[PDB]
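Each remark here refers to the structure printed beneath this line.
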Amino acid sequence: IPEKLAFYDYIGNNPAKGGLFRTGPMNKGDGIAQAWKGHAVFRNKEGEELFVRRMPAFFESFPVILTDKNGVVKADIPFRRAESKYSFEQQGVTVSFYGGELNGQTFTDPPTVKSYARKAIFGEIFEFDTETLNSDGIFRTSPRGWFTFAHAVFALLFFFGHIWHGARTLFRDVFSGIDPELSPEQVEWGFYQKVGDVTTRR
Amino acid sequence: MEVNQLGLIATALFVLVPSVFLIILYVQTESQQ
Amino acid sequence: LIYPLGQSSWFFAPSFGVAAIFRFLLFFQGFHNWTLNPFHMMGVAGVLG
Amino acid sequence: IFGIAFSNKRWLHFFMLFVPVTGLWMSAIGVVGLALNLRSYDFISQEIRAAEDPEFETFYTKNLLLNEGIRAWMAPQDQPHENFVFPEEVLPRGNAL
Amino acid sequence: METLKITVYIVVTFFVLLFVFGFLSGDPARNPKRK
Amino acid sequence: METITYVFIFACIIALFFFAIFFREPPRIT
Amino acid sequence: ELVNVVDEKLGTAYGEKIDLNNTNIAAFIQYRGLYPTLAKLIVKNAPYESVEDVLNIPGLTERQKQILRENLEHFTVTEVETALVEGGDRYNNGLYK
Amino acid sequence: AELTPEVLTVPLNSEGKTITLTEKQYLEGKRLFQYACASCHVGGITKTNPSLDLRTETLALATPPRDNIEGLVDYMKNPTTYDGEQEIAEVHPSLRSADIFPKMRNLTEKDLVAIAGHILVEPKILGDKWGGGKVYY
Amino acid sequence: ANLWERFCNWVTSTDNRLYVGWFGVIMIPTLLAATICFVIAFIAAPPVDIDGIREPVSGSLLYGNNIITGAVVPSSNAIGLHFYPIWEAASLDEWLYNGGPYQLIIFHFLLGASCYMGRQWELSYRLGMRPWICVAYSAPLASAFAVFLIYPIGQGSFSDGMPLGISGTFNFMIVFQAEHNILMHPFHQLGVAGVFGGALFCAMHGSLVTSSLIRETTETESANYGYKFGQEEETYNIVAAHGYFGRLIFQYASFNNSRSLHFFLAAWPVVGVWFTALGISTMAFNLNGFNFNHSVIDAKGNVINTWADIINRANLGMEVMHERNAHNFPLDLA
Amino acid sequence: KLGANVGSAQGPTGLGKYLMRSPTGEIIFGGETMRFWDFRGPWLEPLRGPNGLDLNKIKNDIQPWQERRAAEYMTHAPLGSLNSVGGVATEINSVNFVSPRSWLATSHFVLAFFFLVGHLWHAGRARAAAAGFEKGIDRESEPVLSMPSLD
Amino acid sequence: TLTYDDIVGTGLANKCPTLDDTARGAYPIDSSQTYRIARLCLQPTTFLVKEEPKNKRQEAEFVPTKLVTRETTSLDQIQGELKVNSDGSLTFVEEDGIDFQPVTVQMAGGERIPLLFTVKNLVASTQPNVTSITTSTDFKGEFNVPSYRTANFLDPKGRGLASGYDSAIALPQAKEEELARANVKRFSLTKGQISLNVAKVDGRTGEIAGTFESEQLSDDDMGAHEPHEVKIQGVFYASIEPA
Ligand code: CLA
Ligand code: CLA
Ligand code: CLA
Ligand code: CLA
Ligand SMILES: CC(C)=CCC/C(C)=C/CC/C(C)=C/CC/C(C)=C/CC/C(C)=C/CC/C(C)=C/CC/C(C)=C/CC/C(C)=C/CC/C(C)=C/CC1=CC(=O)C(C)=C(C)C1=O
Ligand SMILES: CC(C)=CCC/C(C)=C/CC/C(C)=C/CC/C(C)=C/CC/C(C)=C/CC/C(C)=C/CC/C(C)=C/CC/C(C)=C/CC/C(C)=C/CC1=CC(=O)C(C)=C(C)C1=O
Ligand SMILES: CCCCCCCCCCCCCCCC(=O)OC[C@H](COP(=O)(O)OC[C@@H](O)CO)OC(=O)CCCCCCCCCCCCCCC
Ligand SMILES: CCCCCCCCCCCCO[C@@H]1O[C@H](CO)[C@@H](O[C@H]2O[C@H](CO)[C@@H](O)[C@H](O)[C@H]2O)[C@H](O)[C@H]1O
Ligand SMILES: CCCCCCCS[C@@H]1O[C@H](CO)[C@@H](O)[C@H](O)[C@H]1O
Ligand code: OEX
Ligand SMILES: [Ca+2]
Ligand SMILES: [Ca+2]
Ligand SMILES: [Cl-]
Ligand SMILES: [Cl-]
């Protein structure tokens with residue numbers, strides 16, 4: 001799989017993950033991408049393949065839930081522990097990597113497997129340089145998102161401009177006020193048959 | 001607090017540029033005959 | 001119009017109803033933290049003002 | 001009473017147009033941003049401190065805990081096309097409740 | 001603290017007495033028309 | 001820096017209140 | 001490294017059975033005849049070196065002893081974890097429905 | 001979907017015999033459950049003791065078994081702890097403690113059966129929601 | 001004259017740049033104190049144990065807040081409704097820990113704002129005006145009483161008063177929705193009709209009067225120079241305005257009487273806001289918004305959700321997360 | 001009853017889960033109800049001694065009637081909806097209850113408030129009418145026109 | 001005698017009982033009888049905290065602190081077995097009571113020091129050969145100091161031990177290593193030490209009173225930072241009975 005194709009399958013490049021005051025390049029958030037870690041396959045003790053539920057764009061944070069190929073829940077990272085049934089420790093969850101830097105490696109230490117599962121909600125997993133830019137870890141939008149924002153806002157504001165100047169054009173004669181001796185008959189009811197036409201007087 | 005380093009200059013210009021614009025216009029209105 | 005056009009679908013537009021609109025408010029708090037937004041804050045000042 | 005007052009009736013009535021019209025227009029600009037999820041969701045400095053310092057709490061960090069509750073508890077029924085199943089054990093909850 | 005308390009009790013009493021005596025001092029008469 | 005900035009803006013607003021009240025353009029009936 | 005001791009416990013038999021040394025008392029409701037009378041006695045007389053030691057609690061009726069015998073296969077013992085037994089947490093661990 | 005005779009067929013006793021309740025019985029059971037029980041058992045939970053619910057499977061593991069009409073009716077006359085070891089009429093409403101739980105004073109035998117039947121039928125309608133608490137609202 | 005008489009004439013003088021008055025003698029010191037304490041607290045107060053669980057919340061700028069996150073934090077739940085002046089504390093340090101500034105601020109503010117309202121009656125009497133501007137002000141005032149005093153009384157604690165800050169206000173709002181379903185309460189709904197409608201009629205009136213200004217100025221001057229303070233003649237043509245709006249809708253939907261119009265402009269927001277104040281002051285005693293949770297049921301008895309059920313799910317998320325270390329028992333009864 | 005030592009049970013915050021001290025030392029119930037420690041009622045007073053709730057009495061002397069009363073009152077707390085659905089706002093339909101205390105408190109706050117408004121309306125009106133300007137300002141004797149300018 | 005309504009709000013509920021200056025007696029111990037402390041009460045009058053200097057040059061000293069959590073500091077209604085050992089010393093083994101209080105005190109300059117002021121699981125013993133308890137009897141022993149917060153407690157970002165998130169969810173792609181101490185919550189359990197010096201005995205009633213000093217660690221915030229060493233001084237009261 002080309003690294004470029006895998007990189008598109010990562011939520012940190014989704015333009016709907018940003019913030020209005022999270023300024024700068026996307027590299028300032030998750031870091032400067034260095035390499036694909038490879039494709040993570042999760043398995044329980046029985047060896048069944050498990051799939052991390054991916055984060056939809058709407059969610060700033062998202063829990064870690066692993067299902068089998070038919071969508072049945074098989075493992076998760078619990079919040080309350082006392083009645084946990086699906087923890088990675090109870091289900092003996094492991095992760096093996098295929099392709100990329102971690103190709104051919106398998107991890108069984110539960111904190112490590114959990115860390116990789118937390119990245120898997122974002123899609124394919126990458127290694128990033130977070131030091132060069134002092135990246136903060138928080139997602140930013142791309143030029144697609146910024147362009148789109150500025151153009152939609154400006155278009156809406158130019159609607160007001162259209163209305164304002166159209167109005168000024170068509171009502172130029174009353175720009176400083178209405179006729180001081182405007183006929184009460186023109187604005188009262190009953191007098192003209194057609195509104196604003198003195199030749200239609202009763 | 002690890003605030004953004006441009007926050008100070010941004011806030012300062014945001015206040016000063018339009019404020020000075022208004023002050024310029026006000027003073028030259030008072031100095032008219 | 002614009003809001004749902006930016007999102008996945010019309011589904012996430014406001015539905016035309018009293019309770020439905022309340023739901024739209026509470027979604028905006030939970031997902032967008034919309035109370036924190038200074039463009040909303042200026043709206044509140046213009047309406048209460 | 002208040003220290004200032006209107007003295008010009010034309011200014012008064014213009015201001016009455018200006019205030020609520022301008023406010024609604026500002027709110028529309030924010031929702032154009034939200035179309036794109038371009039939110040004022042966070043204060044980064046707050047997050048850095050709170051992450052490193054588990055005794056640092058503000059009303060901002062409190063409200064985020066509420067938002068996290070709203071998303072987890074509402075999403076399965078509010079977004080039925082997502083087929084979310086959130087086992088009881090993953091739901092965010094404080095003590096007792 | 002005991003001194004702060006006494007000081008504030010005296011301050012408050014003073015302004016309250018101004019309010020009460022002030023309003024007893026011919027208040028209906030302090031208007032621009034009928035008195 | 002941030003605290004000084006927020007306090008400075010506030011202080012300017014309080015000063016503006018004082019001038020807008022006591023150094024207003026007097027309303028003139030004539 | 002730093003380790004979450006509750007999570008680690010979930011990878012022992014504490015994650016598979018009622019651990020007579022740690023598990024909160026409400027877990028005894030899973031099997032017939034254990035709650036509240038025996039559960040109270042079990043938690044009160046813990047810790048146990050082995051599961052069979054539960055049969056040495058004084059004053060038990062014959063029927064009580066047999067109910068315990070019938071349920072030994074659902075019990076386990078692990079080392080006492082301070083985080084699970086402080087705060088009266090074995091009697092009320094802050095979880096309701 | 002419908003509230004059919006099958007939905008309304010529940011166990012009468014521990015020996016496997018069933019009873020098919022009428023629709024009038026179902027409605028009476030809901031009404032009477034509201035009257036006398038819902039203040040603590042709304043939705044199949046127990047507000048004053050959340051560890052014990054009214055799920056059918058919980059009831060089956062009670063002593064004596066409470067997953068049948070006879071077990072429930074007996075519970076309403078002479079309530080016990082979950083292990084059967086202690087009689088709790090003094091702090092749980094029953095016919096035996098109708099002097100101190102006055103809402104129980106005009107409950108007839110027929111009323112008990114109706115309430116028992118509500119308890120057994122409701123989970124067949126609502127599933128996990130019955131006894132689930134707020135998570136399933 | 002004698003000193004008392006002179007003082008009284010000065011207190012009540014119609015010629016002071018700002019009116020003092022007898023309401024003013026209480027208003028001035030109480031608002032100054034609330035203001036000064038508020039400013040200092042907002043800048044420099046240390047963290048406050050609002051929920052009484054030894055988990056102090058930082059409100060002030062110097063302790064890591066900005067303008068949007070900052071607040072003066074309500075007094076400790078351990079205090080409840082107990083009066084906690086400075087002289088009840090063993091030291092200023094304790095007083096700060098337990099949220100003493102909140103109580104000093106809100107009590108002096110409600111007293112001072114109440115006198116502000118009286119001072120409005122008072123000056124109107126001295127100027128020979130009609131007396132009811134103070135009645136319009138009773139609407140926002142009532143609202144302030146509701147969130148700073150009546151809600152605490154009902155719930156048994158000043159820790160449930162609205163915080164004196166931007167993000168604290170949002171926190172109060174979200175918890176209130178969780179606990180009361182305020183959005184489904186008709187008095188809050190009256191409030192929204194009051195403020196949305198006040199805004200609407202504000203823009204409508206501004207626009208109609210502005211539409212009909214009498215031409216008195218050239219194209220190179222603001223039309224506002226066409227009105228001179230104190231002129232006797234009206235500056236717009238109300239008959240032209242009514243001619244316009246009556247055609248926009250229909251004739252009898254428009255006002256041609258300025259007195260009737262202006263009374264309506266007063267009444268509509270004041271009344272709606274009186275209702276919303278009363279929403280908060282009655283939810284204070286836990287009479288809450290409508291609950292249609294599981295109201296719609298199918299032929300078998302399956303629950304058919306409505307948009308009310310989806311609100312419920314959101315409310316649940318707020319409920320289970322709020323004050324996450326403060327509840328030990330399963331119901332939040334206050 | 002399950003075996004807890006309620007005196008020594010530390011809750012999550014470090015304060016006692018069941019029992020704690022008021023700010024003046026008295027023994028009181030814990031959790032959010034710390035705010036309500038001034039409460040006094042006949043089902044509870046037998047447990048109270050000169051230092052507040054008495055742990056010996058709690059451990060040995062709680063009668064079934066006190067358990068019953070407490071369970072009754074816990075389950076009829078004065079919370080409910082305007083359509084009379086008892087309980088917290090997230091409660092499901094089932095229990096038709098709003099406390100008489102809520103109906104009586106709310107109604108009377110509403111009435112007291114509007115009566116304050118009526119007091120201001122009529123007091124302001126009475127003052128103006130006694131002085132002769134309740135129907136408006138006399139155009140030819142407008143008092144403000146005889147006052148000096150403020151500035 | 002005083003009722004609840006005489007005491008309520010005065011401060012006296014946080015004070016241990018005292019004995020008169022005439023209480024200089026001797027309470028006999030019969031080595032064949034079994035005994036208990038029916039009530040032990042501990043009222044702190046001073047909290048001191050050991051300064052942590054930058055250089056180990058000097059011995060760090062214990063400095064005064066200001067109490068900010070009000071009159072909520074006393075331990076009371078504590079009880080347990082008072083054993084007579086073969087050598088005639090007594091050993092108190094604490095079973096139950098109001099045997100902890102969270103307390104926060106403030107150093108000069110404002111740093112807040114929360115601590116779980118406690119005698120949990122106290123095992124304390126006198127000198128040998130205590131044929132009578134008198135004004136020369138002393139107890140010395142050790143006790144357990146569990147974590148100030150218990151395992152459910154959630155930090156302001158929602159992270160905890162037995163509940164809560166296990167990462168810094170606001171920084172979704174930050175490196176986790178640097179945040180490991182704040183993210184991975186730990187439950188402290190350490191030992192404290194106490195001495196009880198009897199100053200007063202009523203031989204007739206079995207009541208004793210005196211002064212105490214204890215030493216223990218403060219809150220470590222579930223492992224996020226190093227605790228401070230605290231010294232508590234106060235008065236005590238105990239009621240001894242046959243049992
Ligand atoms: C349509 C115009 C537009 C767009 C889409 C972009 C897009 C981008 N620029 Mg360019 N840029 C622009 C114009 C634009 N730029 C202009 C005009 C300049 C000269 C100032 C620049 C100079 C510039 C620099 C120097 C940099 C960028 C960078 C970027 C990137 C990050 C943007 C960011 O963080 O925004 C943040 C956006 C906001 C914080 C929102 C601002 C909203 C304002 C404050 C609202 C004010 C409201 C007002 C006061 C209210 C009035 C109310 C009244 C009526 C009542 C992104 C690809 C950065 C980089 O990545 O480059 C490699 C970078 O370093 N840009
Ligand atoms: C609220 C919207 C609105 C309003 C009130 C105005 C008002 C005005 N327009 Mg603008 N205008 C608008 C929107 C609006 N316009 C839009 C969206 C455009 C397209 C870019 C324009 C383009 C425009 C131009 C180019 C001009 C005006 C001018 C004017 C002025 C004279 C009236 C006129 O020409 O009406 C125009 C009529 C309409 C806006 C009504 C269009 C109704 C359409 C045809 C219905 C079509 C149905 C559709 C096919 C159904 C399918 C939907 C699909 C999704 C399935 C007046 C100031 C003139 C000018 O100012 O004069 C000095 C002028 O030259 N208008
Ligand atoms: C003090 C509290 C307060 C106040 C004053 C406001 C005020 C506002 N809010 Mg905010 N809000 C709040 C709190 C508040 N909000 C909180 C705590 C939240 C949770 C996050 C929200 C969540 C929220 C959302 C999610 C939205 C708002 C929006 C708004 C704006 C609505 C403008 C309007 O009138 O739309 C009303 C609608 C219109 C004006 C459209 C035109 C309507 C036509 C003219 C109607 C014609 C009707 C016709 C005649 C038929 C009638 C038939 C009849 C039978 C019904 C306004 C600035 C909205 C916004 O920002 O918009 C850009 C918005 O989407 N708010
Ligand atoms: C202090 C007055 C008061 C109080 C506390 C109660 C309390 C109660 N009533 Mg009684 N009742 C009253 C007066 C009161 N009522 C009056 C005046 C009548 C004659 C109409 C009744 C007739 C009555 C009947 C026939 C029944 C009750 C029932 C009940 C119970 C349920 C109420 C309910 O569901 O309300 C629902 C809530 C409403 C209908 C909304 C009321 C909102 C109003 C309109 C707000 C008004 C605001 C303000 C005054 C307007 C000013 C405008 C401003 C511009 C100045 C409850 C215990 C029921 C029951 O349980 O009896 C045993 C029952 O069946 N009541
Ligand atoms: C220590 C520190 C730092 C403390 C600070 C802490 C803190 C939390 C500070 C708050 C920060 C703050 C202010 C935030 C608000 C920010 C915010 C959202 C701003 C909105 C900005 C904005 C551009 C919004 C767009 C919408 C808009 C234009 C709103 C304007 C609202 C507005 C000003 C309305 C008018 C309000 C008002 C009081 C008017 C009085 C008019 C008046 C004198 C009437 C009297 C009158 C009536 C008559 O009829 C007649 C005839 C006469 C003659 C007459 O006189
Ligand atoms: C293709 C085909 C078929 C084409 C055919 C088209 C055709 C020719 C049709 C003809 C047939 C026909 C008409 C069919 C009708 C179909 C139909 C019923 C459409 C309905 C649309 C509809 C229901 C719209 C909504 C109704 C609506 C606008 C309601 C408004 C109600 C409302 C609240 C009005 C406000 C009234 C009010 C109290 C106002 C006071 C507040 C205010 C304005 C204050 C300010 C103010 C007021 C003044 O008053 C003046 C003076 C001044 C100074 C001033 O400040
Ligand atoms: C008891 C004493 C109480 C005193 C309290 C202090 C009052 C402060 C009043 C505002 C003074 C500043 C006004 C400057 C502006 C000023 O000088 O205006 C004076 C101006 C006078 O109007 P005229 O009709 O005389 O103007 C003629 C026009 O034709 C000029 O073109 O008044 C208005 O426009 C009223 C509408 C704006 C009212 C704005 C109110 C703002 C409230 C404050 C909001 C911000 C708070 C921030 C908190 C941090
Ligand atoms: C007219 C009124 C104007 C008021 C101006 C007041 C300034 C003069 C007094 C300075 C006092 C502030 O002193 C304050 O003390 C504590 C130490 O316990 C510090 O400790 C604090 O550090 C950080 C700073 O971001 C906070 O986020 C945090 O909640 C807190 O622990 C503060 O950072 C320090 O600034
Ligand atoms: C003009 C009002 C002065 C405001 C006084 C601020 C509090 S006094 C302040 O308190 C801090 C925390 O204890 C100390 O760190 C600091 O040394 C001290 O200067
Ligand atoms: O404090 Mn503030 O919020 Ca009124 O409920 Mn209960 O308390 Mn707490 O929880 Mn929910
Ligand atoms: Ca870094
Ligand atoms: Ca001695
Ligand atoms: Cl909260
Ligand atoms: Cl609680």
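Residue numbering restarts at 1 in every chain; chains get A, B, ... in the order shown in the structure tokens, and ligands count up from 1 in that same order.
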
(message) Would you pick out the contacts of residue 4 (chain F) at 12 Å or less, using only C-alpha atoms, so that residues sharing its chain but fewer than 6 positions from it are not included, and give the list as a ChimeraX atom specification?
(response) /B:8,11-12 /F:10-11 /I:43-44,61-62,66-67

Filtering to N, CA and C atoms, could you give me those residues as a PDB file, in the first residue's frame?
ATOM      1  N   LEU B   8      -0.538  38.974  21.997  1.00  0.00           N
ATOM      2  CA  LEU B   8      -0.318  40.303  22.524  1.00  0.00           C
ATOM      3  C   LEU B   8      -0.307  41.310  21.389  1.00  0.00           C
ATOM      4  N   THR B  11      -3.754  41.706  19.854  1.00  0.00           N
ATOM      5  CA  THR B  11      -4.716  42.464  20.651  1.00  0.00           C
ATOM      6  C   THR B  11      -4.362  43.943  20.602  1.00  0.00           C
ATOM      7  N   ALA B  12      -3.061  44.218  20.668  1.00  0.00           N
ATOM      8  CA  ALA B  12      -2.588  45.600  20.753  1.00  0.00           C
ATOM      9  C   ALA B  12      -2.915  46.342  19.473  1.00  0.00           C
TER      10      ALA B  12
ATOM     11  N   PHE F  10      -9.789  46.622  30.340  1.00  0.00           N
ATOM     12  CA  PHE F  10     -10.862  46.967  31.326  1.00  0.00           C
ATOM     13  C   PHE F  10     -10.696  48.409  31.861  1.00  0.00           C
ATOM     14  N   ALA F  11      -9.471  48.748  32.261  1.00  0.00           N
ATOM     15  CA  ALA F  11      -9.172  50.057  32.892  1.00  0.00           C
ATOM     16  C   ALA F  11      -9.466  51.167  31.896  1.00  0.00           C
TER      17      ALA F  11
ATOM     18  N   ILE I  43      -9.678  39.621  39.425  1.00  0.00           N
ATOM     19  CA  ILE I  43      -8.205  39.634  39.105  1.00  0.00           C
ATOM     20  C   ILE I  43      -7.336  38.696  39.900  1.00  0.00           C
ATOM     21  N   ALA I  44      -7.576  38.621  41.208  1.00  0.00           N
ATOM     22  CA  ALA I  44      -6.608  38.036  42.129  1.00  0.00           C
ATOM     23  C   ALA I  44      -7.070  37.044  43.186  1.00  0.00           C
ATOM     24  N   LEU I  61      -8.094  35.862  37.123  1.00  0.00           N
ATOM     25  CA  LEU I  61      -7.111  36.027  36.018  1.00  0.00           C
ATOM     26  C   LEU I  61      -5.699  35.606  36.394  1.00  0.00           C
ATOM     27  N   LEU I  62      -5.244  36.006  37.564  1.00  0.00           N
ATOM     28  CA  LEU I  62      -3.882  35.670  37.991  1.00  0.00           C
ATOM     29  C   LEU I  62      -3.655  34.189  38.293  1.00  0.00           C
ATOM     30  N   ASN I  66      -8.838  33.393  31.744  1.00  0.00           N
ATOM     31  CA  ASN I  66      -8.935  34.525  30.872  1.00  0.00           C
ATOM     32  C   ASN I  66     -10.282  35.166  31.100  1.00  0.00           C
ATOM     33  N   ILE I  67     -10.640  36.135  30.276  1.00  0.00           N
ATOM     34  CA  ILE I  67     -11.874  36.853  30.433  1.00  0.00           C
ATOM     35  C   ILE I  67     -13.082  35.915  30.271  1.00  0.00           C
TER      36      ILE I  67
END

(request) Please return, as a count of residues only, all residues of chain I lying within 8 Å of chain H when only C-alpha atoms are considered. (result) 9

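Note that the spacing between CA of residue 8 (chain K) and CA of residue 26 (chain J) amounts to 7.0 Å.
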
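Taking atom 6 (C, counted along the ligand's line) of ligand 9 as the reference point, CA of residue 34 (chain I) is found at 17.2 Å.
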
(request) Output the contact residues of chain D with respect to chain J at a cut-off of 12 Å, based on only C-alpha atoms, as JSON, numbers by chain. (result) {"D": [3, 4, 94, 95, 96, 97]}

(request) Check every protein, DNA and RNA residue against ligand 13, keep those with an atom at most 12 Å away (counting only C-alpha atoms and all ligand atoms), and present them as an NGL selection string. (result) (:D and (57-69 or 93-94)) or (:I and (50-51 or 57 or 159-160 or 162-163 or 167-179 or 317-327)) or (:K and (156-158))

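If you take only C-alpha atoms and a cut-off of 12 Å, the residues of chain B that reach chain F are residues 1, 2, 3, 4, 5, 6, 7, 8, 9, 10, 11, 12, 14, 15, 16, 19 and 30 of chain B.
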
Could the residues in this selection be written to a file with N, CA and C atoms, as a PDB file, in the first residue's frame?
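out.pdb was written with the following content:
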ATOM      1  N   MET B   1       0.827  30.165  32.021  1.00  0.00           N
ATOM      2  CA  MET B   1      -0.100  29.773  30.920  1.00  0.00           C
ATOM      3  C   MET B   1       0.590  29.902  29.551  1.00  0.00           C
ATOM      4  N   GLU B   2       0.640  28.824  28.788  1.00  0.00           N
ATOM      5  CA  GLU B   2       1.243  28.810  27.462  1.00  0.00           C
ATOM      6  C   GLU B   2       0.320  29.369  26.388  1.00  0.00           C
ATOM      7  N   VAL B   3       0.211  30.668  26.402  1.00  0.00           N
ATOM      8  CA  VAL B   3      -0.593  31.383  25.451  1.00  0.00           C
ATOM      9  C   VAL B   3       0.184  31.564  24.169  1.00  0.00           C
ATOM     10  N   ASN B   4      -0.572  31.791  23.099  1.00  0.00           N
ATOM     11  CA  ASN B   4      -0.075  32.171  21.827  1.00  0.00           C
ATOM     12  C   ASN B   4       0.702  33.521  21.906  1.00  0.00           C
ATOM     13  N   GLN B   5       1.854  33.495  21.260  1.00  0.00           N
ATOM     14  CA  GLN B   5       2.886  34.543  21.322  1.00  0.00           C
ATOM     15  C   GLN B   5       2.445  35.762  20.489  1.00  0.00           C
ATOM     16  N   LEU B   6       1.605  35.545  19.494  1.00  0.00           N
ATOM     17  CA  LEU B   6       1.062  36.623  18.708  1.00  0.00           C
ATOM     18  C   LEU B   6      -0.194  37.254  19.300  1.00  0.00           C
ATOM     19  N   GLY B   7      -0.659  36.739  20.420  1.00  0.00           N
ATOM     20  CA  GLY B   7      -1.869  37.225  21.022  1.00  0.00           C
ATOM     21  C   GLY B   7      -1.716  38.633  21.496  1.00  0.00           C
ATOM     22  N   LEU B   8      -0.538  38.974  21.997  1.00  0.00           N
ATOM     23  CA  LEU B   8      -0.318  40.303  22.524  1.00  0.00           C
ATOM     24  C   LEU B   8      -0.307  41.310  21.389  1.00  0.00           C
ATOM     25  N   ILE B   9       0.493  41.039  20.350  1.00  0.00           N
ATOM     26  CA  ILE B   9       0.582  42.011  19.220  1.00  0.00           C
ATOM     27  C   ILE B   9      -0.790  42.126  18.510  1.00  0.00           C
ATOM     28  N   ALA B  10      -1.486  41.001  18.413  1.00  0.00           N
ATOM     29  CA  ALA B  10      -2.775  41.028  17.736  1.00  0.00           C
ATOM     30  C   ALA B  10      -3.734  41.875  18.527  1.00  0.00           C
ATOM     31  N   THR B  11      -3.754  41.706  19.854  1.00  0.00           N
ATOM     32  CA  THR B  11      -4.716  42.464  20.651  1.00  0.00           C
ATOM     33  C   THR B  11      -4.362  43.943  20.602  1.00  0.00           C
ATOM     34  N   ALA B  12      -3.061  44.218  20.668  1.00  0.00           N
ATOM     35  CA  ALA B  12      -2.588  45.600  20.753  1.00  0.00           C
ATOM     36  C   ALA B  12      -2.915  46.342  19.473  1.00  0.00           C
ATOM     37  N   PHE B  14      -5.257  45.518  17.278  1.00  0.00           N
ATOM     38  CA  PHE B  14      -6.715  45.539  17.173  1.00  0.00           C
ATOM     39  C   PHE B  14      -7.286  46.741  17.901  1.00  0.00           C
ATOM     40  N   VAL B  15      -6.734  47.052  19.043  1.00  0.00           N
ATOM     41  CA  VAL B  15      -7.199  48.248  19.788  1.00  0.00           C
ATOM     42  C   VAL B  15      -6.682  49.515  19.168  1.00  0.00           C
ATOM     43  N   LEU B  16      -5.368  49.574  18.947  1.00  0.00           N
ATOM     44  CA  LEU B  16      -4.724  50.820  18.583  1.00  0.00           C
ATOM     45  C   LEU B  16      -5.055  51.286  17.174  1.00  0.00           C
ATOM     46  N   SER B  19      -8.710  52.667  17.031  1.00  0.00           N
ATOM     47  CA  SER B  19      -8.835  53.743  18.000  1.00  0.00           C
ATOM     48  C   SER B  19      -8.136  55.028  17.531  1.00  0.00           C
ATOM     49  N   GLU B  30     -12.741  68.940  15.740  1.00  0.00           N
ATOM     50  CA  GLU B  30     -12.686  70.024  16.711  1.00  0.00           C
ATOM     51  C   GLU B  30     -11.893  71.223  16.213  1.00  0.00           C
TER      52      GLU B  30
END

(request) With a distance cut-off of 7 Å and only C-alpha atoms, select the neighbouring residues of residue 71 (chain D), excluding the residue or stretch itself and same-chain residues fewer than 4 positions from it, and output the selection as a list in words. (result) residues 30 and 31 of chain C; 67 and 75 of chain D

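The spacing separating CA of residue 60 (chain A) from CA of residue 33 (chain C) amounts to 10.3 Å.
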
(request) Enumerate, as a ChimeraX atom specification, the complete set of residues in chain C that a backbone-based DSSP assignment places in helix (DSSP H, G or I). (result) /C:2-6,10-12,18-32,34-36,38-48
